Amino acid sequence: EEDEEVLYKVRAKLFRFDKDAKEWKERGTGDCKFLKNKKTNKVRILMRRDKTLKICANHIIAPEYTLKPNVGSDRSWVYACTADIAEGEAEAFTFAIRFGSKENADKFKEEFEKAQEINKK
């Protein structure tokens, strides 16, 4: 956070997909940030919950990830993450992330892809 440049920031609500149960469960609401390491040039997603400030997302924006639409929403994305360490130990998740608006959703995707090309270099 000290050795990191904030490339993008948007307020979001993040969900994880419970497979066992057949439902999306909310994982946090707050500022979703795109952080670029000044020393490694790697770009991650870092999201913390409001008030608590507890980390609810912490993963590299891997080049291989793809933002897919959700059948219920025009202001959300869904994608498979293979290495999120918000809870501590690296774990696979199917994330969904919803925004205040379609504009906000679209701006995120664009930024998301820009970050991916950075992580390619």
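Counting begins at 1, following the sequence as shown.
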Could you check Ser73, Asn58, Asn41, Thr52 and tell me which one carries the biggest Cα B-factor in the deposited entry?
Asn41
Using the B-factors in the PDB entry, rank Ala96's C-alpha atom against the chain and give the third, lowest, middle or highest.
lowest
When the deposited Cα B-factors of this chain's modelled residues are ordered and cut into thirds, is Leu35 in the lowest, the middle or the highest one?
middle
Entry-reported C-alpha B-factor of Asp84 relative to its chain, by third, is middle
Is the Cα B-factor recorded for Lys109 in the lowest, middle or highest third of its chain?
middle
So, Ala90's CA B-factor, relative to its chain, sits in which third? The highest
